[PDB]
Amino acid sequence: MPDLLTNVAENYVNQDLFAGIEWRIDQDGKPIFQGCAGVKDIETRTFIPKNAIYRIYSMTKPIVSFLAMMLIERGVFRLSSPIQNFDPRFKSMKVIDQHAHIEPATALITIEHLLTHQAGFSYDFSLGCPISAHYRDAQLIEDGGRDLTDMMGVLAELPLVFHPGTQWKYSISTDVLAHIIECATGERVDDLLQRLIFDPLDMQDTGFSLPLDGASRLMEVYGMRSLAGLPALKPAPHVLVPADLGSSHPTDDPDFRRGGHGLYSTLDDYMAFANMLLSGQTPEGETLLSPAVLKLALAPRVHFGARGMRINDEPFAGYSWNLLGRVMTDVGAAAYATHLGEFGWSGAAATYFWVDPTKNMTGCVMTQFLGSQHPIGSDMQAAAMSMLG
Amino acid sequence: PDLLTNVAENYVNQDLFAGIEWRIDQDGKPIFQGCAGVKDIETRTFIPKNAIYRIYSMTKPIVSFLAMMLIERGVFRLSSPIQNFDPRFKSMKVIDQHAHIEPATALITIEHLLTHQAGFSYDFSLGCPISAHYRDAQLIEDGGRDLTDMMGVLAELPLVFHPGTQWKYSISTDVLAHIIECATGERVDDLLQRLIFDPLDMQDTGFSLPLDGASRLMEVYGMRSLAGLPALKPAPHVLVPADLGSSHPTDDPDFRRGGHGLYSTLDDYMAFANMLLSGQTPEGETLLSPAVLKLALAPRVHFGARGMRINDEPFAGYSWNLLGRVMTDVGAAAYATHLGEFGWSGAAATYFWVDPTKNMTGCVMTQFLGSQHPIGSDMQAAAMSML
Ligand SMILES: C[C@H](C(=O)O)c1cccc(C(=O)c2ccccc2)c1
Ligand SMILES: C[C@H](C(=O)O)c1cccc(C(=O)c2ccccc2)c1
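How each quantity is defined
Residues numbered from 1 in each chain as written, not as in the entry; some residues may be left out. Chains lettered and ligands numbered in written order. Part of a larger assembly, values for the part shown. Heavy atoms only, no water. Near = heavy atom within 4 Å. Polar contact = N/O pair within 3.5 Å; in protein donor to acceptor, adjacent residues only side chain to side chain. Areas by Shrake-Rupley, 256 points an atom, 1.4 Å probe, with all protein chains shown as cover. Nonpolar A, V, L, I, M, F, W, Y, C, P; charged D, E, K, R; others polar. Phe/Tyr/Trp six-rings, centres within 6.5 Å; stacked < 30°, edge-to-face > 60°. Helix = DSSP H or I, 4+ residues; strand = E, 2+ residues; numbered from the N terminus. Buried < 20%, exposed > 50% of the residue type's maximum accessible area, 1.4 Å probe, protein only. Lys NZ or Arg CZ within 6 Å of the ring centre and 35° of its normal. Contact = heavy atoms within 4.5 Å. Buried area = accessible area lost by both parts, 1.4 Å probe. Core = buried A, V, L, I, M, F, W, Y, C linked by side-chain atoms within 4.5 Å. Pairing = 2+ DSSP bridges. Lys, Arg positive; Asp, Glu negative; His and termini not counted. Salt bridge = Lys/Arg side-chain N within 4 Å of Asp/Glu carboxyl O. 1 Å grid on protein atoms, 1.4 Å probe; cavity = no way out; pocket = protein on both sides within 12 Å on 5 of 7 lines; lining within 4 Å. Points joined across faces, edges and corners; volume = space filled by probe spheres on them. Patch = residues over 30% accessible without salt bridge, like charges linked within 9 Å, V, L, I, M, F, W, Y side chains within 5 Å. Charge placed at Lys NZ, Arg CZ, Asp CG, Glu CD.

The record names X-ray crystallography as the way this model was obtained, at a resolution of 1.690 Å.

Dropping the structure here:
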């Protein structure tokens, strides 16, 4: 019953493992626990500003996935839609394996494959993956200044690493999804996110560029995990040194937009999104997604074998995959406190959130550390679970 | 006793075959030979001198041998993708018995064609997922269509498995004949004439009848029909003349195929069979080197418990080499043979064998489509027993 959340965060700051941390836990749509620890940057020790801004990386994916579900509801496409219907550059895909064998794909990539990371795409930083070296040579993630549409043209020429539908591998497929959304609608994904999600939820600080007053609110990002170079064979030491993002994550590029990363947000903005996922509605009662399609989106859809869900061989114990991210399907296999049906996702800079329908609960932890050797997100979830009976 | 004569005469006396010729050679010279019956039961004309037979799939070892000669001469190789010579065979699809279609994951090669592992089917393959589409396209029925044009129609149809992954007796020897034409810029009938028939003095073998051939052509009997669907049970074995429609013209100067269509004689086919003991003409001219003949005869496709089957009929103890069947287990065989015996047969019940352990060749010529009696194997067994 003590405040384990503050204890976790203060200990991380006091041990020089994270510069600054913010968190909020809501229940029934209202804050029940919240706090902050540390500073905006350790170089000057400026205090965490009001409505501090974070690079949320793959916490972009549940947002872009939710947009796709809205467009499915509105009839733009369906889960079974072949993506080549919208961009013929994804016609005639090939599949490569670890033995240098290449053959034509025997199934078409669908919207559902993109949402479930079963399309056969890879990721630039996937260690040991048969094709990731070719992704890195193409600078798919590193070259943030390249237009989404043009990056997709380069990706489309590369082989998949399995036949669509047959395996699971966490991937660039959410970026493909953002692009296919643009093809299917004739609109830009950032404009669609603004009009259909951010504005109805009053997420005024969320987007692919900083707000006008955003520079002074941007949290510094730390860590040794590097985008420029080969995936490491052992984790870099966990040290608070400012991270060099190269040109991968611009702050003021009006055309920068992605599906798998790239949003800036705030704790308050992301909690508005997370709370919405408990119902599909805005706080006033506008429906962003009907209950039936929200249930379709949250139902466990990819189930895993004995070794479970893994990303670069890191486990997500007891989790299955739904159309928006992870979902807890076996508390008896879980590695940290949770409840059946808890869902959410996380980002490369150690941001983390969850939604727990059994407790009408949402939680989010914001920090900026790339390559963390400490699972701060899960530690904060566990603390909150222990505090909510 | 003359077991060969007893088998043949019994077949004639029981009204099962109209006329039968046979010859067995050892060391290039006849040791057994005979005939029984007539050219046609309607007029009871005797089997003529140098009687002519439609040899159907005994065309395949000849066209396969030609392909081996062209391999030896560097025209192509076993691993050559056929799409290099005819791009209509680029981007093949594969269909299955559950209506699923997907792109082929391997290219069809020359070796696939020679081994019936390319994924092609045959018009009369009962139960085969794609054979209905072959029949709708009249691939075998339409004998007047030029080989090149028939191949264009075939190339648009899906395979029934991915190239290299299974065995199914098929139209692939016709594809091989066509790819030979593409690779050489010559016609397959002209190549066969120059490279095989003329050196072996096979003056009566070809895709059309000789000028004096009409009176020598044996009548063909049987109820197995090319027209309709493959039958669910065999038609009665009765001596009624067969209607070939337009599938097997006698005087079309452009008719040529890889899997069927040759006319030949007993003497001509024995010249070919005897050559396969050495790769040489009787005079000693080399048609195929010993090394490539060995490559062609070595067992290349091995079969599971069900063994080699064509429309579910077994070839017990046989494996497949680049020219046809080859005996690989005498203890599995269903009739007398020796290890390494090889050869093939045709739809009108013609049959031949080469037995290297005995320096022996044999051929039985008759004309019956849809036979319910294995006359070829009965005659091989009789000949083996007379040694
Ligand atoms: C999967 C990972 C995440 O969001 O978890 C992700 C997605 C997209 C981009 C990036 C990066 O920019 C990056 C930065 C430093 C090192 C490696 C990658 C990381
Ligand atoms: C497979 C079979 C054979 O040579 O064994 C074959 C190959 C080619 C053509 C034909 C036919 O014309 C035919 C004639 C009557 C009935 C069915 C097919 C038969």
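J.: Tell me what's going on with the site of ligand 1, and back it up with residues and numbers.
T.: Residue and element names in this part refer to chain A. As a matter of local geometry, ligand 1 sits amid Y57, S58, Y123, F125, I141, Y170, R225, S226, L227, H261, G347 and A348. Within the side chain of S58, one N or O atom sits 2.5 Å away from an oxygen atom of ligand 1. Here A348 contributes a backbone N or O atom positioned 3.0 Å from an oxygen atom of ligand 1. Protein contact buries 94% of the 440 Å² of open area that ligand 1 shows by itself. Here the shell around ligand 1 is built from residues that sort into seven nonpolar, four polar and one charged.

J.: If you had to explain the packing of aromatic side chains to someone new, which residues and values would you point to?
T.: Within the structure shown, the criterion is met by 37 aromatic pairs over all chains. Aromatic pair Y319(A) and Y336(A): ring centres 6.3 Å apart, planes at 45°, arrangement tilted. Of this pair, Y319(A) sits in strand β9 (residues 319–322) while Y336(A) sits in the loop between β10 (325–328) and β11 (343–346), placing them 17 residues apart in sequence. The exposure class assigned to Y336(A) is partly exposed, which follows from its relative accessible area of 22%. Both rings, one in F315(B) and one in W344(B), keep their centres 5.4 Å apart while their planes meet at 35°; by these two values the pair is tilted. With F315(B) in strand β9 (residues 313–315) and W344(B) in the loop between β12 (342–343) and β13 (351–355), this pair connects stretches of sequence that are 29 residues apart. For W344(B), a relative accessible area of 2% corresponds to the buried category. What links up through ring pairs into an aromatic cluster is the set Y123(A), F125(A), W168(A), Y170(A), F304(A), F316(A), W321(A) and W345(A). One cation-aromatic arrangement involves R225(A) over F125(A); the distance from NZ or CZ to the ring centre is 5.2 Å. The ring of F124(B) is capped by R224(B), whose NZ or CZ atom sits 5.2 Å from the centre of that ring.

J.: Give a description of the interface of chain B and chain A that names residues and reports values.
T.: Contact residues are listed per partner, giving five residues for chain B and five residues for chain A. Both sides together, the interface formed by chain B and chain A hides about 370 Å², and carbon and sulfur atoms give 65% of it. Broken down residue by residue, the surface that chain B buries against chain A is led by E102(B), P103(B) and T105(B), which jointly contribute 87%. For the pair chain B and chain A, the number of links is zero residue pairs in polar contact.

J.: Could you give an account of the nonpolar core, naming the residues involved and the relevant values?
T.: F66(A), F121(A), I197(A) and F273(A) are the most contacted members of the largest nonpolar core, which has 119 residues in total. Broken down by element, this core gets its largest block of residues, nine residues, from helix α2 (residues 60–73) of chain A. Listed in part, the 118 residues of the second largest apolar core include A51(B), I130(B), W167(B) and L176(B).

J.: Outline the pairing of β13(B), listing residues and values.
T.: All names here are of chain B. Burial within β13 is extensive, with five of its five residues counted as buried. Here β13 shows a buried face lined by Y351, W353 and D355 and a second buried face lined by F352 and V354. Of the strand pairs in this sheet, β13 and strand β14 (residues 360–365) are connected by five bridges, and their pairing is antiparallel. Directly across from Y351, in β14, lies its bridge partner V364.

J.: Describe the side chain of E22(A), with residues and values.
T.: All names here are of chain A. Mapping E22 onto the fold places it in strand β1 (residues 20–27). It is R24 that comes nearest to the buried, bridge-free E22 among opposite-charge side chains, at 9.0 Å. At a separation of 2.7 Å, a polar atom in the side chain of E22 contacts the side chain of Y54. Here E22 is in contact with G35, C36, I48, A52, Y54, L267, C364, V365 and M366, once residues within four sequence places are set aside.

J.: Could you give me a rundown of empty space enclosed by the protein, with the residues and numbers involved?
T.: All names here are of chain B. Under the definition given, this model contains three cavities of 30 Å³ or more. Taken as a whole, the largest cavity encloses approximately 40 Å³ of empty space. In terms of residues, the lining of the largest cavity owes the most to one element, helix α2 (residues 59–72), which gives three residues. When its residues are assigned to classes, the lining of the largest cavity shows six nonpolar, four polar and one charged.

J.: Explain unusual backbone geometry residue by residue, including any values.
T.: Trans peptide bonds make up the majority, and among non-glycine residues the majority have a negative phi. Of note, the phi angle at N360(A) is positive, near 50°, even though the residue is not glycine. Note on placement: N360(A) falls in the loop between β12 (352–356) and β13 (361–366). Assessed through its relative accessible area of 39%, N360(A) is described here as partly exposed. Positive phi is not limited to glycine here, since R44(B) has a value of about 55°. With respect to the element layout, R44(B) can be found in the loop between β2 (29–40) and β3 (45–46).

J.: How would you explain the site of ligand 2 if you had to name every residue and give the values?
T.: All names here are of chain B. In the vicinity of ligand 2 there are 13 residues, among which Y56, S57, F124, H260 and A347 approach most closely. Within the backbone of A347, a nitrogen or oxygen atom sits 3.1 Å from an oxygen atom of ligand 2. Residue composition of the shell around ligand 2, grouped by class: eight nonpolar, four polar and one charged.

J.: Just give me the short version of a negative patch on the surface, but keep the residues and values in it.
T.: All names here are of chain A. Taken together, the side chains of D199, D202, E284 and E286 make up a negatively charged region of the molecular surface. Locating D199 in the fold gives a position in the loop between α7 (189–198) and β6 (264–266). Judged by its relative accessible area of 39%, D199 is partly exposed.

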